[PDB]
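Participant:
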Amino acid sequence: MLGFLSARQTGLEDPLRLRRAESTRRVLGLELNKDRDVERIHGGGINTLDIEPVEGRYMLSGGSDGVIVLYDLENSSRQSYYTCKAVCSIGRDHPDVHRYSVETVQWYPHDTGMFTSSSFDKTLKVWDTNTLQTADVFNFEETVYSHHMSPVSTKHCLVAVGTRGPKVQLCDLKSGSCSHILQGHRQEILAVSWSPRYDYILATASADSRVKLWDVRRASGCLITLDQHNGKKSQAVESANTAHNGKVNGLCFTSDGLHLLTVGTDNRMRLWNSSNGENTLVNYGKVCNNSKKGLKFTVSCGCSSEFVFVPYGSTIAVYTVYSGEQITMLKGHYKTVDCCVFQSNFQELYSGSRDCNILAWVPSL
Amino acid sequence: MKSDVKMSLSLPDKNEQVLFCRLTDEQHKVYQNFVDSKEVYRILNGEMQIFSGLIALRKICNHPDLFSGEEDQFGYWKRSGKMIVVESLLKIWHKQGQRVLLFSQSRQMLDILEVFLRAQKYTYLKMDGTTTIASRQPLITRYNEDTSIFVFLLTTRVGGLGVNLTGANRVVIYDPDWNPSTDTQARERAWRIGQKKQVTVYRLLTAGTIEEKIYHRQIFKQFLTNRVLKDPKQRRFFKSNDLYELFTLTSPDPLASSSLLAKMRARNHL
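First to last, the sequence lines map onto chains a and b.
When we follow PDB author numbering, the leftmost residue of the first sequence carries the number 1, and every step to the right adds one.
Using PDB author numbering, the letters of the second sequence map in sequence onto residues 746 to 814, 828 to 1011, 1383 to 1399.
Right, dumping it as structure tokens:
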């Protein structure tokens, strides 16, 4: 490394090199920090975590018990050891607490003043962070498996919601219009994700093994259906063009938004070109999931090489996105792992699990 | 709408007078009898379809064509009050050298109107679903091109719907409908671009009869359309409860998440 410092200092390399390379080096060194803890507040498993996109200071966390906890990730104490204390919490006594498991929780991109959370009580509630009161409640006729607000839309403020119904609901937070539906799936929608590149592209994955990308502006159905083989097994599309051979319970666009990673219960992950949904044939090997609900996984950002961190049973498996090489499997949870979220500032990973723990993985040295 | 463009388009004056016609003696008698008839009573009991009753009532209010009664042949003007009013209006307007546009929801009544206009010296041109389609646009063009043709009988279903009738000046809606849009487009045939002369709309209605209740229906509909097209602050239609008592005769005499949350709180405060 001192070579890296000397290269930065002399302008041999752009300073971008040392960031990105050092960021990567940090990611490869992720290790369970016992020099950092997250305060236990969930009585039930953590289904979801979300670090705020601006300033990355606060994390939301949704539990199987229905509570939403709001954690502060900055070490405000002077010690080197700290516990990420829980700022607020939608507890059992809140009048608005969810009744059943919170399945997704998301900071409003663009501003930390409002977050949204959806549950198995069939509601997507929008919250004022400051007063911690709901500002809006959308009711759905079927249990919500995931939602997602666009990380990029300065223009629209749609929330895509996937329920057990076969239809994707778009909920407009600007005047509250929960009527719009995308129709074309056939079984529950286990994962939705807006594109980080394009304002109005949404990808939705369903238990029917199909993943569709939609231009929600468009009035004409899906843009693309991802097909495992790219056409080697080609049929008039009524049942073919499955992304997976099981349920597809996870989606994640890569950072720059040029590829889509889907995980499904055939124990595979695939990487897809998000422009024409073609399959890049990245291998990745066998990725165990048997989650019956959405599997929340992330990608890294701002490294030399992009990584994807996928819950693999009771561990987080780290893979290199574009080559498939499994970097490592981070082993520190006790029960299955439900969600991992990446802190892009410091290359830290937080992962929740059914054992009611949120473990921080920070680079060593 | 034609209010955000009127100053930028310069249309002429428009009027929407309504005339509450009074049912004549024979007309009154037939109506009073049929409301008291066992058939209406059975319809009120729901034993058969209501539509039959509504047809009958509308016919009665429209002309006593339930029963026909020299110079008292079928379709006699003096037998029905609305026809008397039409006589007076067409008289004054023909004296005004003005082109009239008379609409009727019915087609056979358009025939009785036709024979009437024979009985008068009013030169008309009639246009309904039975008039050939190929003769349709040339008929419209003919009426619009010359002022010789005075009145223009029209069934509202083909008479509405995109035809341009700027030639006519005066419009009278002779017969109400359950659909406000029908009469609206009917009256709007004249007051279009190219109408270089003032136009007034007369809605002829029978006070206290079925037609007033149909009027109430189409008002309530119009308010419902207004509540969702022009502005949601519509005033509640307080005049009627709108029940099945319409069989009676009662003649006269990035957003920064605080703009969002503010908007949300506004909507959910209601």
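Cβ coordinates follow ideal geometry from the N, Cα and C atoms, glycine included.
Just checking, does the stretch 765 to 778 of chain b make contact with the stretch 1387 to 1399 of chain b on the three C-beta pairs under 8 Å criterion?
Facilitator: Contact fails: fewer than three Cβ-Cβ distances are below 8 Å.
Participant: Report the residues of the stretch 969 to 1000 of chain b with a CB closer than 8 Å to any CB of chain a, ordered along the chain.
Facilitator: Result list empty, no residue passes.
Participant: Expressed to the nearest angstrom, what Euclidean distance is found between the alpha-carbon atoms of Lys233 of chain a and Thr280 of chain a?
Facilitator: Approximately 16 Å between the Cα atoms of the pair.
Participant: If the criterion is Cβ atoms closer than 8 Å, does the pair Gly294 of chain a and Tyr108 of chain a meet it?
Facilitator: No. Outside cutoff.
Participant: Please determine if the stretch 10 to 26 of chain a and the stretch 301 to 312 of chain a are in contact, where contact requires at least 3 C-beta pairs separated by less than 8 Å.
Facilitator: Yes, they touch.
Participant: Which residues mark the beginning and the end of the beta strand (DSSP E) in which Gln343 of chain a is found?
Facilitator: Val337 to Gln343 is the span of the beta strand (DSSP E), which, as asked, contains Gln343 of chain a.
Participant: Interface residues of chain a around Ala1385 of chain b at Cβ under 9 Å?
Facilitator: Near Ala1385 of chain b (Cβ distances below 9 Å), the residues of chain a are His110, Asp111 and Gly113.
Participant: Nearest CA to the CA of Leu190 of chain a: which residue from a:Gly29, a:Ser291, a:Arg8 and a:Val321?
Facilitator: Closest by alpha carbon: a:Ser291.
Participant: Which residues of the stretch 168 to 184 of chain a have a Cβ closer than 8 Å to any Cβ of chain b? Give them in chain order.
Facilitator: Here the close residues are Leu173, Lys174, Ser175 and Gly176.
Participant: Out of curiosity, what's the CA-to-CA distance linking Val858 of chain b and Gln794 of chain b?
Facilitator: Cα to Cα, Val858 of chain b sits roughly 37 Å from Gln794 of chain b.
Participant: Using CA atoms only, rank isn't needed, just tell me which of a:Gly231, a:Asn245 and a:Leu260 is closest to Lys212 of chain a.
Facilitator: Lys212 of chain a has its Cα closest to that of a:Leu260, out of a:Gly231, a:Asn245 and a:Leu260.
Participant: In terms of DSSP beta bridges, what is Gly62 of chain a paired with?
Facilitator: According to DSSP, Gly62 of chain a bridges with a:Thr48 and a:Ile68.
Participant: Any idea if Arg787 of chain b is buried or exposed, counting beta-carbon neighbours within 10 angstroms, 16 or more meaning buried?
Facilitator: Under this definition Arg787 of chain b is an exposed residue.
Participant: Three-state secondary structure (DSSP) at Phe346 of chain a?
Facilitator: Of the three classes helix, strand and coil, the one that applies to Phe346 of chain a here is coil, per DSSP.
Participant: So, using beta-carbon positions, are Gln953 of chain b and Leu756 of chain b closer together than 8 Å?
Facilitator: Cβ distance < 8 Å, so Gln953 of chain b and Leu756 of chain b count as in contact.
Participant: Using a Cβ-Cβ distance cut-off of 8 Å, determine whether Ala135 of chain a contacts chain b.
Facilitator: Yes, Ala135 of chain a counts as interfacial toward chain b.
Participant: So, is the C-beta of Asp128 of chain a closer than 8 Å to a C-beta in chain b?
Facilitator: Closer than 8 Å to some Cβ of chain b, the Cβ of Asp128 of chain a qualifies, so yes.
Participant: Rank a:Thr242, a:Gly313, a:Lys247 and a:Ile201 by C-alpha distance to the C-alpha of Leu258 of chain a and give the top, closest one.
Facilitator: Looking at the Cα atoms, a:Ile201 is the closest of the given residues.
Participant: Give me the Cβ distance between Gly918 of chain b and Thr888 of chain b, rounded to the nearest whole Å; I'm assuming they're in contact under 8 Å.
Facilitator: No, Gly918 of chain b and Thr888 of chain b are not in contact; Cβ-Cβ is about 17 Å, not under 8 Å.
Participant: Enumerate in chain order the residues of its own chain whose CB-to-CB distance from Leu963 of chain b is below 8 Å, with the five nearest sequence positions on each side excluded.
Facilitator: If we look at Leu963 of chain b and ignore the five residues flanking it on each side, its Cβ neighbours are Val763, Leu764, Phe765, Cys766, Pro934, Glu969, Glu970 and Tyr973.
Participant: Mind listing which residues of the stretch 1386 to 1397 of chain b have their C-beta closer than 8 Å to chain a's C-betas, in chain order?
Facilitator: Residues passing the 8 Å Cβ filter: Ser1386, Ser1387, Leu1389, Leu1390, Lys1392, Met1393, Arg1394, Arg1396 and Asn1397.
Participant: Would you tell me roughly how many angstroms separate the C-alpha atoms of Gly184 of chain a and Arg210 of chain a, rounded to the nearest one?
Facilitator: Straight-line Cα distance between these residues: approximately 10 Å.
Participant: Is there contact here, the stretch 867 to 886 of chain b with the stretch 908 to 923 of chain b, by at least three beta-carbon pairs under 8 Å?
Facilitator: Contact between the stretch 867 to 886 of chain b and the stretch 908 to 923 of chain b is present, because at least three Cβ pairs lie under 8 Å.
Participant: Do you know how far the Cα of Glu946 of chain b is from the Cα of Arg961 of chain b?
Facilitator: If you take the alpha carbons of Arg961 of chain b and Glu946 of chain b, they lie about 13 Å apart.
Participant: How would you list, in chain order, the residues of chain b whose beta-carbon sits under 7 Å from the beta-carbon of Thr154 of chain a?
Facilitator: Result: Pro1383.
Participant: Using the Cα positions of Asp1000 of chain b and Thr881 of chain b, report the straight-line distance between them to the nearest angstrom.
Facilitator: Approximately 41 Å, taken between the alpha carbons.
Participant: Looking at the C-beta of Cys157 of chain a, does it have a partner C-beta in chain b at a distance below 8 Å?
Facilitator: Yes, its Cβ sits closer than 8 Å to a Cβ of chain b.
Participant: Have a look at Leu70 of chain a and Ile181 of chain a and give me their C-alpha separation to the nearest angstrom.
Facilitator: Computed Cα separation, rounded: 31 Å.
Participant: Could you tell me how far apart the beta carbons of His156 of chain a and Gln106 of chain a are, in whole angstroms, since I believe they sit closer than 8 Å?
Facilitator: Not a contact, Cβ separation roughly 15 Å.
Participant: Which of helix, strand or coil does DSSP assign to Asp136 of chain a?
Facilitator: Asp136 of chain a falls in the strand class under three-state DSSP.
Participant: Do the stretch 237 to 250 of chain a and the stretch 262 to 278 of chain a meet, that is, are 3 or more Cβ pairs less than 8 Å apart?
Facilitator: Enough Cβ pairs lie closer than 8 Å, so yes.
Participant: Using C-beta distances below 8 Å, list every residue in its chain close to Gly113 of chain a, excluding the 5 sequence neighbours before and after it, in chain order.
Facilitator: The answer, listed in chain order, is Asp128, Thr129 and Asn130.
Participant: Once the 5 residues before and after residue 819 of chain b are set aside, which same chain residues still bring their CB inside 7 Å of it?
Facilitator: Any question about the placement of residue 819 of chain b has no answer from these coordinates, since chain b jumps from 814 to 828.
Participant: Could you tell me which of a:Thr154, a:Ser175, a:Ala207 and a:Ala240 sits nearest to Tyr198 of chain a, measuring between CA atoms?
Facilitator: Of the listed residues, the one whose Cα sits closest to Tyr198 of chain a is a:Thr154.
Participant: For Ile907 of chain b, name the three-state secondary structure that DSSP assigns.
Facilitator: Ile907 of chain b falls in the coil class under three-state DSSP.
Participant: Determine, using beta-carbon pairs with one atom in the stretch 339 to 346 of chain a and one in the stretch 321 to 328 of chain a, whether at least three such pairs fall under 8 Å.
Facilitator: No, they do not touch.
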